[PDB]
Structure formats: structure tokens, C-alpha cells
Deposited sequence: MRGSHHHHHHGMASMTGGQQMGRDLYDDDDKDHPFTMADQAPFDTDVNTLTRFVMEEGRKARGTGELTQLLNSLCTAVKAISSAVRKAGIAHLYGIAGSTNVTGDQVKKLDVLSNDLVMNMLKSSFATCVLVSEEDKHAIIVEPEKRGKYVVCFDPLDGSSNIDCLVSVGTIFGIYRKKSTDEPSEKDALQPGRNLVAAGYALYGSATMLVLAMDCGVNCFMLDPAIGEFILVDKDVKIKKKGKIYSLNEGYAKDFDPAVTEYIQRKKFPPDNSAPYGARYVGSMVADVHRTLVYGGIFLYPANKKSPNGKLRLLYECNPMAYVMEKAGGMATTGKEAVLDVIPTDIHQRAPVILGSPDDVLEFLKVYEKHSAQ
């Protein structure tokens, strides 16, 4: 029997006999996504080209930014687009701290590559004045996380303590329909995703692992390669078809390139909630403890076996 992101969220909140604050927060994020999805698909692009006569990275941030301040459920907001955390006005304060990537893979949107919105929701901890500090919780403290993928179609994957659920956006009625209830990732996959152009800077562990995929030692079948470049898209494929996604440290930043707060953590959390794993090589991504908000991190995630089979090789070095 049919269900929607809204109906579904207020049923969970109303069942956990909660406040409703998280629900308001999520609903507001949902509206923002729909507005972003509309912009990403080139809503009224004909007008920009003078159909009547006479920056997407920004609009997205504003949508999420504005929609979240407006929910009265947020107090501190961190965004890949803002150098500093944003402190919600006093009258608009809520108990939640949100970290998000308004639009990811944006730079590559000229070639219409799948882009997406990532987000993480923590409950404010210290009773001090809400500040950037409140955002430095480890992914292990997430209350809910997820992302919206603007691909061939627009889907929103939401992971909460109760598991991971996928909602398809029906553009004809502007509603998110639940199409994959309590999702779980394959134990082992047949695909490895990473940028092999930096093959030159791969630390030994990584180079050895990739080698075992192209040329399986047990003379089995090789894995298939796939890398869209837009994380949301890659991680999502990893979640659907199973496999492993990698964006390790190298010659550049030995802490990876991806941002921990609003890129690695939400995805790790989703993965782990779906039965997968997310390690930085040394430790679990959700355990890492934030120092800076734009702090980076190495990430290897996906199907258990694959991530484990990685760590296996990681120790060997």
C-alpha cells in the first residue's frame, strides 16, 4: 500500500511519540530538494535565453539554507558552500545541527552528470550558545542522514536509526514515493569505483587492492570499473548494485579529498545502516572526530566483504 516521504516521516515521528521537530526539519529539507531538482533539470532555462526578451551551486545552498532556518528545528548549520558554520537566528532555533552539501559534483554539471545533495543531521550537544563547535560531532552521533540524487530520475535516500529507505520523486505530482523499503547492501559486489588517473600516487595498499580486482588472484572473474566522478552517483550505484567505492589519500592530502562532515559521514552512516562499511583505512569514518568543519577524510565504502577484503590488504602494508 502506497506511502510517501512525508506520510512516512510523520508516521515514524508520530509513532515514536516524538516532538515533531525532526519531522519539520526533514519536510523542509524535502521541499528544498524538490526545488533544487527542478533547477538542476533546467526548469525555466528558456527565460534565461530571452524567450520573453532579456550560480546553481549558490541557489541550492540558499534553498537548503533558507528552508532549514525556516523550519525552526535547526540552530547551527554547516555547508560546503559557507566558510563558517551558520548560527540560526534566536527566534528560529531548533535542537538540531545540520551538515550538508547543497550540490555535489556541481563543477561537472556542464556535461549533465548526475549531481546530488548530501546531508547529515546531529542533535546539538553542549548547552552552550550554538556555535561551530556543535557541528564537530563524529558521524557516529548522526540522528539521520541521506542524500538526494539528481540522475536519470530524482531519488532521495534516507537513513535513520530504523534503516535506509529510498523514495522516488514523482515530478508529475511533486511527491516522493517510497519505492525501496528498508534497503540492505549486497555482501559482496562485482564493481570497484575510483579515479585511476591518480594511479601514480596510490599508496601501496590501494594499488595492490585494485590489482586484485583487475586480475583476481583466485583466477576468478574481474570486477567492472565505474567512476562517474560525482560521489552521490557513485556511492548510490555502490548501494544498489553492491561493490566498493574508493577516494583514498595520496600525494595530495593524506586525509583524502572528500569533506568529512557533509560528504563522508552522511554516506558512511547510510552505508552502515544498509549493512555496509565505511573506513578511512585506519578507522571507521563514523568514529573520526571533527577538528575543522571543512576537514577532509579518506573513504573506502560499500559491500562488507569488499571493504574487509580491502582492509585485509591495508594491514598487509
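Worksheet entry | Missing C-alpha runs, given along the deposited sequence, first residue counted as 1 | Those stretches are 1-45, 100-108, 372-374, listed in order.
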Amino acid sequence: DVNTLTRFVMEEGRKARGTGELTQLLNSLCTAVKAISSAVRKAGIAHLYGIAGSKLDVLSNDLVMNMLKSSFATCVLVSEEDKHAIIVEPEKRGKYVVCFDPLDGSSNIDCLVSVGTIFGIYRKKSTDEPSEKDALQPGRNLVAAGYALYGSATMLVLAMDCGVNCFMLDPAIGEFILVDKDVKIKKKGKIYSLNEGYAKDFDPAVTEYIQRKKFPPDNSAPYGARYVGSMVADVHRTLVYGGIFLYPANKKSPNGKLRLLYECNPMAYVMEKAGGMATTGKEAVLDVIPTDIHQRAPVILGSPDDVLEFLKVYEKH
From here on, numbers count along this sequence of modelled residues.
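Worksheet item: Mean C-alpha B factor from the entry: is it higher for 11-19 or for 296-304?
Response: Stretch with the greater average CA B-factor: 11-19.
Worksheet entry | Mean C-alpha temperature factor, higher of 68-76 and 107-115 | For C-alpha atoms only, the mean B-factor is higher in 107-115.
Discussion item. Checking the record values for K92, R237, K124, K186, which has the greatest CA B factor?
Written reply: That would be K92.
Discussion item. Take the CA temperature factors straight from the PDB entry and tell me which of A274, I289, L26, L48 peaks.
Written reply: Highest C-alpha B-factor among the listed options: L48.
Practice prompt. Report the third (lowest, middle or highest) to which the CA temperature factor of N250 belongs, ranking only the modelled residues of the same chain.
Written response: For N250, the deposited C-alpha B-factor lands in the highest third.
Worksheet item: Lowest, middle or highest third: where is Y198 by C-alpha B factor in its chain?
Response: Highest third, going by the recorded CA B-factors of the chain.
Fill in: Modelled-residue ranking by C-alpha temperature factor, third containing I210
For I210, whose C-alpha B-factor we compare with every modelled residue in the chain, the answer is the lowest third.
Worksheet item: By its CA B factor, does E263 count among the lowest, middle or highest third of the modelled residues in the chain?
Response: Its C-alpha B-factor belongs to the lowest third of this chain's values.
Practice prompt. Quick one: classify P171 as lowest, middle or highest third of the chain based on its Cα B-factor.
Written response: For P171, the deposited C-alpha B-factor lands in the middle third.
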